[PDB]
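K.L.:
Encoded as structure tokens, here's the structure I'll be asking about.
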Amino acid sequence: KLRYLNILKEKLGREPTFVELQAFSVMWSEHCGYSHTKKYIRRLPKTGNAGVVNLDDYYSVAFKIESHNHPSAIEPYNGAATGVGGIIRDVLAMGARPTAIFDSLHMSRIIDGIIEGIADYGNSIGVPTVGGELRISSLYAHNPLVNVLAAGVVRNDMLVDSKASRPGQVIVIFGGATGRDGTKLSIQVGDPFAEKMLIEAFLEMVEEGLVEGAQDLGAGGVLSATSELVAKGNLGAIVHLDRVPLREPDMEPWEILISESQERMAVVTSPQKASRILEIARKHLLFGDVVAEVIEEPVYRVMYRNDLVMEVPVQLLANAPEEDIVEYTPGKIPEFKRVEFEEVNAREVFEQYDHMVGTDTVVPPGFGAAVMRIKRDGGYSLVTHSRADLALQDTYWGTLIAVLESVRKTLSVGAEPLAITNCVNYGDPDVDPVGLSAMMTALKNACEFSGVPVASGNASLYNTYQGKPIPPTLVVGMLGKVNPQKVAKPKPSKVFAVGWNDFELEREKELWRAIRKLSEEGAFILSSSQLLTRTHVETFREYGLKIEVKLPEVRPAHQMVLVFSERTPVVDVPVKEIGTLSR
Amino acid sequence: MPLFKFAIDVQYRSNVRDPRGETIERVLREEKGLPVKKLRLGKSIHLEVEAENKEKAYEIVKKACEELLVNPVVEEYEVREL
Amino acid sequence: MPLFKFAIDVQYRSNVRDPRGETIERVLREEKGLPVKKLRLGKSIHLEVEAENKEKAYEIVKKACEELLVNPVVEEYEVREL
Amino acid sequence: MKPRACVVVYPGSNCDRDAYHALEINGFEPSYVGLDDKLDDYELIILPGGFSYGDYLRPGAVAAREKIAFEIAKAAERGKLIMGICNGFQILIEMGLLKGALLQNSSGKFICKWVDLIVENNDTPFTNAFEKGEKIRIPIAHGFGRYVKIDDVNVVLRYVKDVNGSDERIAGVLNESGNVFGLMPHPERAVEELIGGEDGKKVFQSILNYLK
Ligand SMILES: Nc1ncnc2c1ncn2[C@@H]1O[C@H](COP(=O)(O)OP(=O)(O)O)[C@@H](O)[C@H]1O
Ligand code: NA
């Protein structure tokens, strides 16, 4: 809103009021506006709901990843904690029970603050933290990244929309109290207890069949929730702010609208089914009332009882000014030198997280990918990967190998890929709109090569200190279909290094179809950047196993995995015997 | 030589809402029915210092706060002698 | 309807081990290097109360401590006014 | 035609869906019981894990001073078997049906691992399907699992090593009579070999063996 002001004045035909100036300074920001990414995001192949993937025609898994790097910069604990909160709700809005969370951390040292953040929150809501990243390097020192990925399971005959379908409907706001939360007006503590009461409250409203549409209240709050609920429906809404559950009754109308208070949710239902929805909230210790009315005219009316404060067209809010793309075309696969990333033990970080709650975790973290189940059905496998060390030398091939090496880790357990979830953590997009394109086109092409679509995404730009940008890191989140019985559990066997030391895309699909011919055969595969990490040897010791091998030194960009079978692997790719895994 | 007993009373700042203390405030007034308006729940750290004067002792406690015990962003504090 | 500000200092018994506190003593002597021996860690609860007089107000605080706030097994408390 | 069991859903409990499931596949007929409910009709009362009332002042203390305490105590004196797991143990020590207290782990924060235990006592309605000293693999998830002995209590389960720094490596204790069980390791997780082990479905087979 430093230059986008002049573009707003010509669409309104006058000067904006104090209510409108604060509304569009948050709605047309780079967080919930997407000005430098909206046009690239349409070019990427998607999967009529954005965030859900069909698994068994009976069930469907809902997953998304958000980036809370900015509130984690000022305060680590209450930042990462706040992060798990806003992503858990974006999954619950689809009517799914949050079944798995991931934490993609990128710091200078294992900051006890960010770690304890995801812990005290994730464990308090009974959602297992079944894995995550821990890329430690002094390049992130003054700019840490925290990408939390929440996942949930849901029946297809109980799925919830994310838009208001017809007029004559009402939007109900419930959850925690709505106060003054938006080094002063930006720091807030999360209430993981209210979040659990919000989950069990919402999921009873779903089974009661009273949810016809819903949206989370994270960034922007009541404004960015009720406006985006009628913007994807092409309809409108009349918002009464006197009906919003206030904590401090002495709040001015604009503060009730722009309030970015947590633990709140938005539900679209009919006025006859609202008397039963508020009784479910009061039963779960939550506060709620009817705030908005869905009309036919595509306008957004905001008033406070009888007097008005703001009225602007609905589509002028959800659609931010789309910047122009600078299409990038691919260059030669460079010779990558090894960028030293401190090799740490992930056990010390996840043994602080409840990764077994729900009793649905089949494969606990340590050996990359994590496999889950649905207690009856079938299961799903999620992995989180980002080749940050390669992305530094090449903004394209580094980011492309990240999407491919992700699919490599998903086939290692025995799961056939279904979807991807992106998260762009670029530096300044105006000083270098060239590097952002090399990344977005690296994710577009890598999704056409593997034929794996993108369900949902995110982008947190402007990450700089001293003016110097952050290493372009794209975090991929895979999802795959698997049978919880046909999973690789570490047995005492001989270790084989399969694949080749060098990288060449021209024969990458030959490694994938080589891993597949080895998984349904009953072997344990391990795909990692450094082949075997400190983490792998420590998770092996917990299974009472010791590993002694001669790891063939590979180049940073490689196509190799370690296979632990009984007899010599029968595949059409280099198979060398490197050791054993006794006792 | 010499001893100096202290007690730190940490708390979340005035503007920051503490749900921990607000859930207990709501319990003591509705479930236990005791007329109690407006609780805060923080940390109280007792520590013995070995310094020189009374002046040198107080500034020791102050460095241990700004560097570890009291988070300068959301926490506020006030120390008293023992 | 008068208000009486109180502050309850809760601590673990002087012989009950608090390694959460021995870990804090480790750091800010070896990592922050200050001469500070002998450090215990506990809770600090502030609560305002409505009653007739001050002697009947202190009775409410003393009740809340026995049956919620303080664990009589390993915690000791001392209340003061504000 | 099968025995009656119940799992108490306290506002904030996370391991209720795990208790129900662990009870269903082990010969019982579970039923979720909330607050203001009566526990007369049940033969086994399970006090579930998780974070009851978000552990806001102290673990399950805000749940111990709840209405169904007057109903658990009534069932305790009557002699009906009560088993409180991870968070439930913390509730029973604050209710006073169990001796001692549970404080924060010596190793500062949360522990979620597959811990090795030795059953120091069978001839207990919850551990008679085990030998005297069987080495069993059953998981945990603590941030407050440090047991502190206050009275010569009846030791049932002991860790092999040193996890929380709990006095005499205590994982599980019993009542005076022997109907109320306090447990730190989660047994509702060691029922299927998919999640990890089966050493814990014998804790349930032991309850069916008491009810002849
Ligand atoms: N911060 C973390 N939180 C939870 N799990 C983690 C964390 N860091 C790493 N892990 C888990 O450890 C394993 C990854 O180990 P790592 O050394 O990164 O090898 P890889 O390159 O295969 O991920 C996966 O299970 C990953 O989810
Ligand atoms: Na959202």
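Identifiers in this document derive from the order of the structure tokens: chains are assigned A, B, ..., residues are numbered from 1 separately in each chain, and ligands are numbered from 1 in order of occurrence.
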Could you report the residues within 7 Å of ligand 1, using only C-alpha atoms and all ligand atoms, as a ChimeraX atom specification?
P.N.:
/A:102-105,129-134,344-346,349-350,365-370,383-385,527-529,533-536
K.L.:
For those residues, write N, CA, C and O atoms to a file as a tab-separated table (two decimals), in the first residue's frame.
P.N.:
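result.tsv, freshly written:
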```tsv
chain	number	residue	atom	x	y	z
A	102	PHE	N	3.35	-31.33	10.18
A	102	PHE	CA	4.77	-31.33	9.80
A	102	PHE	C	5.37	-29.95	10.08
A	102	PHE	O	4.69	-28.94	9.92
A	103	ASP	N	6.65	-29.91	10.45
A	103	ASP	CA	7.33	-28.64	10.74
A	103	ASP	C	8.62	-28.51	9.93
A	103	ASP	O	9.58	-29.25	10.14
A	104	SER	N	8.63	-27.58	8.98
A	104	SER	CA	9.82	-27.35	8.14
A	104	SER	C	10.59	-26.15	8.68
A	104	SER	O	10.31	-24.99	8.34
A	105	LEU	N	11.58	-26.45	9.53
A	105	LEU	CA	12.41	-25.45	10.20
A	105	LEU	C	13.74	-25.24	9.47
A	105	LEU	O	14.36	-26.19	8.99
A	129	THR	N	2.69	-35.02	15.38
A	129	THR	CA	3.73	-34.36	14.59
A	129	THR	C	4.62	-35.49	14.07
A	129	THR	O	5.60	-35.88	14.71
A	130	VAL	N	4.21	-36.05	12.93
A	130	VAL	CA	4.85	-37.23	12.33
A	130	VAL	C	6.01	-36.93	11.38
A	130	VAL	O	6.32	-37.75	10.52
A	131	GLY	N	6.71	-35.82	11.59
A	131	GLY	CA	7.84	-35.52	10.73
A	131	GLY	C	8.04	-34.07	10.40
A	131	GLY	O	7.16	-33.25	10.62
A	132	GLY	N	9.20	-33.75	9.86
A	132	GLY	CA	9.47	-32.39	9.49
A	132	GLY	C	10.91	-32.24	9.08
A	132	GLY	O	11.66	-33.22	9.11
A	133	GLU	N	11.28	-31.03	8.69
A	133	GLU	CA	12.65	-30.71	8.26
A	133	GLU	C	13.39	-29.93	9.35
A	133	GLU	O	12.78	-29.29	10.21
A	134	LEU	N	14.71	-29.98	9.23
A	134	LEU	CA	15.65	-29.32	10.15
A	134	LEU	C	16.93	-28.96	9.39
A	134	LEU	O	18.01	-29.54	9.60
A	344	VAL	N	22.56	-32.74	11.76
A	344	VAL	CA	22.05	-32.90	13.13
A	344	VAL	C	21.15	-34.13	13.26
A	344	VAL	O	20.72	-34.72	12.26
A	345	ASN	N	20.93	-34.49	14.52
A	345	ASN	CA	20.09	-35.62	14.96
A	345	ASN	C	18.66	-35.10	15.14
A	345	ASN	O	18.41	-34.26	16.01
A	346	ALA	N	17.73	-35.60	14.32
A	346	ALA	CA	16.33	-35.14	14.38
A	346	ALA	C	15.58	-35.75	15.57
A	346	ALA	O	14.56	-35.18	15.98
A	349	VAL	N	14.73	-33.56	18.39
A	349	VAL	CA	13.68	-32.58	18.09
A	349	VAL	C	12.30	-33.25	18.04
A	349	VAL	O	11.32	-32.65	18.51
A	350	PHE	N	12.18	-34.46	17.50
A	350	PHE	CA	10.83	-35.04	17.46
A	350	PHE	C	10.46	-35.88	18.69
A	350	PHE	O	9.28	-36.17	18.87
A	365	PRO	N	8.48	-40.98	12.42
A	365	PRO	CA	9.59	-40.31	11.73
A	365	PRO	C	11.01	-40.77	12.09
A	365	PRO	O	11.25	-41.40	13.14
A	366	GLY	N	11.94	-40.45	11.19
A	366	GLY	CA	13.34	-40.82	11.34
A	366	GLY	C	13.86	-41.17	9.96
A	366	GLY	O	14.80	-40.54	9.45
A	367	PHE	N	13.21	-42.17	9.35
A	367	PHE	CA	13.53	-42.65	8.00
A	367	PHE	C	12.65	-41.92	6.99
A	367	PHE	O	11.71	-42.50	6.41
A	368	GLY	N	12.89	-40.61	6.84
A	368	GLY	CA	12.16	-39.77	5.90
A	368	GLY	C	10.65	-39.69	5.95
A	368	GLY	O	10.07	-39.14	6.89
A	369	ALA	N	10.02	-40.30	4.93
A	369	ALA	CA	8.57	-40.33	4.72
A	369	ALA	C	7.85	-40.99	5.91
A	369	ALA	O	8.40	-41.89	6.56
A	370	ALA	N	6.62	-40.53	6.16
A	370	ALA	CA	5.78	-41.02	7.25
A	370	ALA	C	4.49	-41.62	6.69
A	370	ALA	O	3.85	-40.98	5.85
A	383	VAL	N	5.51	-36.56	3.03
A	383	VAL	CA	6.94	-36.22	3.09
A	383	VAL	C	7.09	-34.72	2.85
A	383	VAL	O	6.31	-34.11	2.12
A	384	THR	N	8.11	-34.14	3.47
A	384	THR	CA	8.41	-32.70	3.31
A	384	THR	C	9.88	-32.57	2.91
A	384	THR	O	10.76	-33.07	3.62
A	385	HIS	N	10.12	-31.88	1.79
A	385	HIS	CA	11.49	-31.73	1.28
A	385	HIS	C	11.71	-30.37	0.62
A	385	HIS	O	10.79	-29.78	0.04
A	527	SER	N	15.92	-42.84	0.59
A	527	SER	CA	16.40	-41.80	-0.33
A	527	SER	C	16.75	-40.53	0.45
A	527	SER	O	15.84	-39.85	0.94
A	528	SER	N	18.03	-40.20	0.54
A	528	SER	CA	18.44	-38.97	1.24
A	528	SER	C	19.59	-38.30	0.48
A	528	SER	O	20.37	-38.95	-0.23
A	529	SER	N	19.66	-36.98	0.67
A	529	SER	CA	20.64	-36.07	0.07
A	529	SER	C	22.07	-36.51	0.40
A	529	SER	O	22.94	-36.46	-0.46
A	533	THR	N	22.07	-40.34	7.17
A	533	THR	CA	22.36	-39.26	8.13
A	533	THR	C	22.48	-39.80	9.56
A	533	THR	O	22.20	-40.97	9.85
A	534	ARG	N	22.90	-38.88	10.43
A	534	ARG	CA	23.09	-39.08	11.88
A	534	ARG	C	21.77	-39.57	12.47
A	534	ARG	O	21.74	-40.51	13.28
A	535	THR	N	20.68	-39.05	11.88
A	535	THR	CA	19.28	-39.33	12.24
A	535	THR	C	18.91	-40.78	11.94
A	535	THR	O	18.26	-41.44	12.75
A	536	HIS	N	19.35	-41.27	10.78
A	536	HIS	CA	19.07	-42.63	10.31
A	536	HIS	C	19.71	-43.68	11.23
A	536	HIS	O	19.05	-44.64	11.56
```
K.L.:
Please, which residues of chain C lie no more than 10 Å from chain D when the count uses only C-alpha atoms, and can they be set out as a PyMOL selection string?
P.N.:
chain C and resi 16-23+43+67-71+73-74
K.L.:
Restricting it to N, CA, C and O atoms, dump the selection as a short mmCIF file (atom, residue, chain, number, x, y, z; two decimals), in the first residue's frame.
P.N.:
```
data_model
loop_
_atom_site.label_atom_id
_atom_site.label_comp_id
_atom_site.auth_asym_id
_atom_site.auth_seq_id
_atom_site.Cartn_x
_atom_site.Cartn_y
_atom_site.Cartn_z
N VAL C 16 12.82 -30.65 47.77
CA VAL C 16 12.29 -31.34 46.58
C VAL C 16 13.11 -30.84 45.40
O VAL C 16 13.19 -29.62 45.18
N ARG C 17 13.74 -31.77 44.68
CA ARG C 17 14.61 -31.44 43.55
C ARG C 17 13.81 -30.86 42.38
O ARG C 17 12.73 -31.33 42.05
N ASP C 18 14.35 -29.76 41.82
CA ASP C 18 13.79 -29.04 40.67
C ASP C 18 14.92 -28.90 39.66
O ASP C 18 15.68 -27.93 39.69
N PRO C 19 15.10 -29.92 38.80
CA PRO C 19 16.15 -29.94 37.78
C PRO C 19 15.87 -28.96 36.65
O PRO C 19 16.74 -28.70 35.82
N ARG C 20 14.64 -28.45 36.61
CA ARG C 20 14.25 -27.43 35.63
C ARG C 20 15.00 -26.16 36.03
O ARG C 20 15.42 -25.37 35.18
N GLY C 21 15.27 -26.08 37.34
CA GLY C 21 15.98 -24.97 37.96
C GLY C 21 17.48 -25.18 38.07
O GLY C 21 18.21 -24.20 38.16
N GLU C 22 17.93 -26.43 38.15
CA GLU C 22 19.38 -26.72 38.20
C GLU C 22 19.96 -26.50 36.80
O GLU C 22 21.12 -26.14 36.66
N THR C 23 19.10 -26.68 35.78
CA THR C 23 19.43 -26.48 34.36
C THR C 23 19.58 -24.99 34.08
O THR C 23 20.43 -24.60 33.28
N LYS C 43 5.86 -20.74 40.49
CA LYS C 43 4.75 -19.96 39.92
C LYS C 43 4.50 -18.67 40.72
O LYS C 43 4.83 -18.59 41.89
N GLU C 67 -7.41 -25.71 47.48
CA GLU C 67 -8.34 -26.57 46.77
C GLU C 67 -8.22 -26.39 45.26
O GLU C 67 -9.00 -26.97 44.50
N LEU C 68 -7.25 -25.59 44.84
CA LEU C 68 -6.89 -25.49 43.43
C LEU C 68 -5.42 -25.14 43.26
O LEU C 68 -4.63 -25.95 42.78
N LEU C 69 -5.06 -23.92 43.65
CA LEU C 69 -3.93 -23.22 43.05
C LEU C 69 -2.61 -23.85 43.48
O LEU C 69 -1.69 -24.01 42.67
N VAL C 70 -2.51 -24.21 44.75
CA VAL C 70 -1.29 -24.79 45.30
C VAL C 70 -1.46 -26.28 45.59
O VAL C 70 -2.47 -26.70 46.15
N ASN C 71 -0.46 -27.07 45.19
CA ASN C 71 -0.48 -28.51 45.45
C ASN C 71 0.16 -28.73 46.83
O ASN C 71 1.39 -28.77 46.93
N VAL C 73 1.17 -31.09 48.38
CA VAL C 73 2.09 -32.23 48.48
C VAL C 73 3.55 -31.78 48.44
O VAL C 73 4.35 -32.16 49.31
N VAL C 74 3.92 -30.99 47.43
CA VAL C 74 5.32 -30.58 47.26
C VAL C 74 5.47 -29.07 47.08
O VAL C 74 6.58 -28.59 46.84
#
```
K.L.:
In terms of the shortest atom-to-atom distance over only C-alpha atoms and all ligand atoms, which of A:21, A:265, A:111, A:391 is closest to ligand 2?
P.N.:
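The answer is A:265, which sits nearest to ligand 2.
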K.L.:
Near region 127-135 of chain D, counting only C-alpha atoms, which residues have an atom at most 7 Å away, once you skip same-chain residues fewer than 3 positions from it, shown as number ranges by chain?
P.N.:
D: 116-124, 202-203, 205-206
K.L.:
Taking only C-alpha atoms into account and nothing else, which residues of chain A lie no more than 9 Å away from chain D? Please answer as a VMD selection string.
P.N.:
chain A and resid 116 119 to 120 123 to 127 191 to 194 196 to 197 284 to 285 350 to 364 484 to 485 542
K.L.:
Any residue with an atom at most 8 Å from ligand 2 counts, using only C-alpha atoms and all ligand atoms. Which are they? Put them as a VMD selection string.
P.N.:
chain A and resid 86 to 87 90 215 to 219
K.L.:
Per DSSP on the backbone, filter region 17-73 of chain B down to the residues in helix (DSSP H, G or I) and report them as a PyMOL selection string.
P.N.:
chain B and resi 19-30+54-69
K.L.:
How would the residues just chosen look if you wrote them out with C-alpha atoms as an mmCIF file, in the first residue's frame?
P.N.:
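What landed in result.cif:
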```cif
data_model
loop_
_atom_site.group_PDB
_atom_site.id
_atom_site.type_symbol
_atom_site.label_atom_id
_atom_site.label_comp_id
_atom_site.auth_asym_id
_atom_site.auth_seq_id
_atom_site.Cartn_x
_atom_site.Cartn_y
_atom_site.Cartn_z
ATOM 1 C CA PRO B 19 -5.258 -17.581 28.290
ATOM 2 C CA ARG B 20 -3.557 -19.750 30.959
ATOM 3 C CA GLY B 21 -4.517 -17.250 33.633
ATOM 4 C CA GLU B 22 -7.885 -16.560 31.980
ATOM 5 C CA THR B 23 -9.023 -20.207 31.995
ATOM 6 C CA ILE B 24 -8.173 -20.452 35.705
ATOM 7 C CA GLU B 25 -9.855 -17.078 36.378
ATOM 8 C CA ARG B 26 -12.991 -18.500 34.719
ATOM 9 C CA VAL B 27 -12.743 -21.651 36.890
ATOM 10 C CA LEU B 28 -12.363 -19.911 40.264
ATOM 11 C CA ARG B 29 -15.429 -17.739 39.530
ATOM 12 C CA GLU B 30 -17.909 -20.183 37.901
ATOM 13 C CA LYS B 54 23.881 -3.737 47.440
ATOM 14 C CA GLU B 55 24.123 -1.826 44.120
ATOM 15 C CA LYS B 56 26.341 -4.398 42.323
ATOM 16 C CA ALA B 57 23.938 -7.192 43.443
ATOM 17 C CA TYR B 58 20.770 -5.618 41.958
ATOM 18 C CA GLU B 59 22.421 -5.096 38.530
ATOM 19 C CA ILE B 60 23.541 -8.780 38.515
ATOM 20 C CA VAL B 61 19.888 -9.925 38.742
ATOM 21 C CA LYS B 62 19.012 -7.398 35.986
ATOM 22 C CA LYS B 63 21.546 -8.913 33.514
ATOM 23 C CA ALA B 64 20.320 -12.468 34.233
ATOM 24 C CA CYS B 65 16.791 -11.247 33.361
ATOM 25 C CA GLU B 66 17.325 -9.362 30.059
ATOM 26 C CA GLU B 67 19.583 -12.208 28.801
ATOM 27 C CA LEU B 68 17.529 -15.299 29.847
ATOM 28 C CA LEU B 69 14.765 -15.476 32.536
#
```
K.L.:
Tell me which of A:251, A:62, A:189, A:571 sits closest to chain B, counting only C-alpha atoms.
P.N.:
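For chain B, the nearest of the candidates is A:189.
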K.L.:
Could you write out, as an MDAnalysis selection string, all the residues of region 2-82 of chain B that DSSP marks as strand (DSSP E or B)?
P.N.:
chainID B and resid 5:12 36:48 75:81
K.L.:
Please provide as a PyMOL selection string all residues within 8 Å of residue 175 (chain D), with the sequence filter that same-chain residues fewer than 3 positions apart are discarded (counting only C-alpha atoms).
P.N.:
chain D and resi 97-99+153-154+178-181
K.L.:
Limited to C-alpha atoms, could you put the picked residues into a file as a compact mmCIF listing (two decimals), in the first residue's frame?
P.N.:
```
# COMPACT_ATOMS: atom_id res chain seq x y z
CA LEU D 97 -7.15 -41.96 45.07
CA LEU D 98 -3.42 -42.40 44.38
CA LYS D 99 -0.43 -41.47 46.61
CA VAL D 153 3.18 -47.19 47.74
CA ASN D 154 2.65 -50.40 45.72
CA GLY D 178 -5.87 -52.65 44.61
CA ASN D 179 -8.72 -51.43 42.39
CA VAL D 180 -7.25 -48.07 41.26
CA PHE D 181 -4.28 -48.13 38.83
```
K.L.:
Within 6 Å of chain C, which residues of chain B are there when counting only C-alpha atoms? Please give them as a ChimeraX atom specification.
P.N.:
/B:35-37,39-50
K.L.:
Any idea which chain A residues end up within 12 Å of chain B if we count only C-alpha atoms, as a PDB file with C-alpha atoms, in the first residue's frame please?
P.N.:
```pdb
ATOM      1  CA  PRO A  71       5.867 -13.619  13.607  1.00  0.00           C
ATOM      2  CA  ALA A  73      11.271 -13.528  13.645  1.00  0.00           C
ATOM      3  CA  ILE A  74      10.212 -11.266  16.577  1.00  0.00           C
ATOM      4  CA  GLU A  75       9.080 -14.055  18.959  1.00  0.00           C
ATOM      5  CA  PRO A  76      10.048 -17.757  18.392  1.00  0.00           C
ATOM      6  CA  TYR A  77       7.750 -19.681  20.818  1.00  0.00           C
ATOM      7  CA  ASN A  78       4.508 -17.662  20.405  1.00  0.00           C
ATOM      8  CA  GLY A  79       5.360 -17.520  16.673  1.00  0.00           C
ATOM      9  CA  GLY A 113      12.071 -21.567  21.289  1.00  0.00           C
ATOM     10  CA  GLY A 176     -12.470 -17.638  21.180  1.00  0.00           C
ATOM     11  CA  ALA A 177     -12.974 -13.998  22.157  1.00  0.00           C
ATOM     12  CA  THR A 178     -12.321 -11.284  19.507  1.00  0.00           C
ATOM     13  CA  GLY A 179      -9.975  -8.623  20.973  1.00  0.00           C
ATOM     14  CA  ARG A 180      -7.087  -6.181  20.299  1.00  0.00           C
ATOM     15  CA  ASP A 181      -4.522  -8.403  18.527  1.00  0.00           C
ATOM     16  CA  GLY A 182      -4.231  -6.369  15.297  1.00  0.00           C
ATOM     17  CA  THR A 183       6.401  -5.345  19.062  1.00  0.00           C
ATOM     18  CA  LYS A 184       3.037  -4.028  20.285  1.00  0.00           C
ATOM     19  CA  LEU A 185      -0.026  -4.748  18.160  1.00  0.00           C
ATOM     20  CA  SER A 186       1.250  -7.913  16.499  1.00  0.00           C
ATOM     21  CA  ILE A 187       2.202 -10.299  19.304  1.00  0.00           C
ATOM     22  CA  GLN A 188      -0.412 -12.812  20.488  1.00  0.00           C
ATOM     23  CA  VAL A 189      -0.325 -16.119  22.414  1.00  0.00           C
ATOM     24  CA  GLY A 190      -2.206 -19.152  21.160  1.00  0.00           C
ATOM     25  CA  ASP A 191      -4.774 -21.058  23.264  1.00  0.00           C
ATOM     26  CA  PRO A 192      -4.297 -24.705  22.131  1.00  0.00           C
ATOM     27  CA  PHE A 193      -7.058 -25.764  24.563  1.00  0.00           C
ATOM     28  CA  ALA A 194      -9.677 -23.583  22.828  1.00  0.00           C
ATOM     29  CA  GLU A 195      -8.386 -24.985  19.487  1.00  0.00           C
ATOM     30  CA  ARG A 247     -13.398  -9.468  24.896  1.00  0.00           C
ATOM     31  CA  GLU A 248     -13.091  -5.688  25.455  1.00  0.00           C
ATOM     32  CA  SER A 261      -7.433 -12.811  16.936  1.00  0.00           C
ATOM     33  CA  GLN A 262      -6.851 -16.586  16.874  1.00  0.00           C
ATOM     34  CA  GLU A 263      -8.991 -19.671  17.666  1.00  0.00           C
ATOM     35  CA  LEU A 285     -17.127 -23.576  26.259  1.00  0.00           C
ATOM     36  CA  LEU A 286     -16.938 -21.372  23.104  1.00  0.00           C
TER      37      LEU A 286
END
```
K.L.:
Set the distance at 9 Å and use only C-alpha atoms: which residues neighbour residue 420 (chain A) once local chain neighbours fewer than 6 positions away are removed? I'd like the list as a list in words.
P.N.:
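So the residues in contact are residues 403, 447, 452, 453, 454, 455, 456, 457, 476, 477, 478 and 479 of chain A.
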K.L.:
For C-alpha atoms, I'd like the residues from the last selection saved as a PDB file, in the first residue's frame.
P.N.:
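Result written to again24.pdb:
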```pdb
ATOM      1  CA  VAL A 403      10.161 -31.670  -6.322  1.00  0.00           C
ATOM      2  CA  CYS A 447       4.545 -31.273 -11.959  1.00  0.00           C
ATOM      3  CA  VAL A 452       1.647 -34.960 -10.021  1.00  0.00           C
ATOM      4  CA  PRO A 453      -0.753 -31.966  -9.508  1.00  0.00           C
ATOM      5  CA  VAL A 454      -0.583 -29.209  -6.848  1.00  0.00           C
ATOM      6  CA  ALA A 455      -3.509 -29.184  -4.371  1.00  0.00           C
ATOM      7  CA  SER A 456      -2.790 -25.959  -2.408  1.00  0.00           C
ATOM      8  CA  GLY A 457       0.058 -23.495  -1.879  1.00  0.00           C
ATOM      9  CA  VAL A 476       7.358 -29.409  -1.198  1.00  0.00           C
ATOM     10  CA  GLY A 477       4.859 -31.584   0.657  1.00  0.00           C
ATOM     11  CA  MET A 478       3.986 -34.958  -0.920  1.00  0.00           C
ATOM     12  CA  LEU A 479       0.935 -37.176  -0.388  1.00  0.00           C
TER      13      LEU A 479
END
```
K.L.:
List the spatial neighbours of region 7-12 of chain A as a PyMOL selection string - criterion: any atom at most 9 Å away, only C-alpha atoms, same-chain residues fewer than 2 positions off excluded.
P.N.:
chain A and resi 3-5+14-16+24+312+316+321
K.L.:
Export, as an mmCIF file, in the first residue's frame, the selected residues with N, CA and C atoms.
P.N.:
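Final output, result-v6.cif:
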```
data_model
loop_
_atom_site.group_PDB
_atom_site.id
_atom_site.type_symbol
_atom_site.label_atom_id
_atom_site.label_comp_id
_atom_site.auth_asym_id
_atom_site.auth_seq_id
_atom_site.Cartn_x
_atom_site.Cartn_y
_atom_site.Cartn_z
ATOM 1 N N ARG A 3 2.236 2.204 -3.078
ATOM 2 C CA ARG A 3 2.081 2.646 -4.474
ATOM 3 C C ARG A 3 0.736 2.169 -5.032
ATOM 4 N N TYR A 4 0.137 1.171 -4.363
ATOM 5 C CA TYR A 4 -1.150 0.552 -4.721
ATOM 6 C C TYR A 4 -2.325 1.432 -4.282
ATOM 7 N N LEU A 5 -2.026 2.592 -3.682
ATOM 8 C CA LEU A 5 -3.022 3.555 -3.190
ATOM 9 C C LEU A 5 -3.702 4.276 -4.358
ATOM 10 N N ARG A 14 -13.098 8.443 -5.501
ATOM 11 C CA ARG A 14 -12.945 9.429 -4.419
ATOM 12 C C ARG A 14 -11.777 9.014 -3.520
ATOM 13 N N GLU A 15 -11.678 9.649 -2.344
ATOM 14 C CA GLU A 15 -10.645 9.347 -1.340
ATOM 15 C C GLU A 15 -11.190 8.306 -0.356
ATOM 16 N N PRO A 16 -10.352 7.306 0.071
ATOM 17 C CA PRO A 16 -10.810 6.267 1.021
ATOM 18 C C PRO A 16 -10.977 6.752 2.466
ATOM 19 N N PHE A 24 -7.962 -2.323 3.210
ATOM 20 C CA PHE A 24 -7.202 -2.647 1.993
ATOM 21 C C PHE A 24 -5.689 -2.617 2.225
ATOM 22 N N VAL A 312 -18.108 -1.385 -0.086
ATOM 23 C CA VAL A 312 -17.304 -1.484 -1.316
ATOM 24 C C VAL A 312 -17.668 -2.781 -2.045
ATOM 25 N N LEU A 316 -13.640 -6.522 -5.362
ATOM 26 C CA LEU A 316 -12.537 -5.551 -5.274
ATOM 27 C C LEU A 316 -11.628 -5.887 -4.088
ATOM 28 N N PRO A 321 -4.307 -6.433 -7.046
ATOM 29 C CA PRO A 321 -3.723 -6.052 -8.340
ATOM 30 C C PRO A 321 -2.610 -7.022 -8.742
#
```
K.L.:
I'd like the neighbourhood of region 493-502 of chain A as a PyMOL selection string, where a residue qualifies if any of its atoms comes within 6 Å (using only C-alpha atoms), though same-chain residues fewer than 6 positions away should be ignored.
P.N.:
chain A and resi 554+558-564+566+573-581
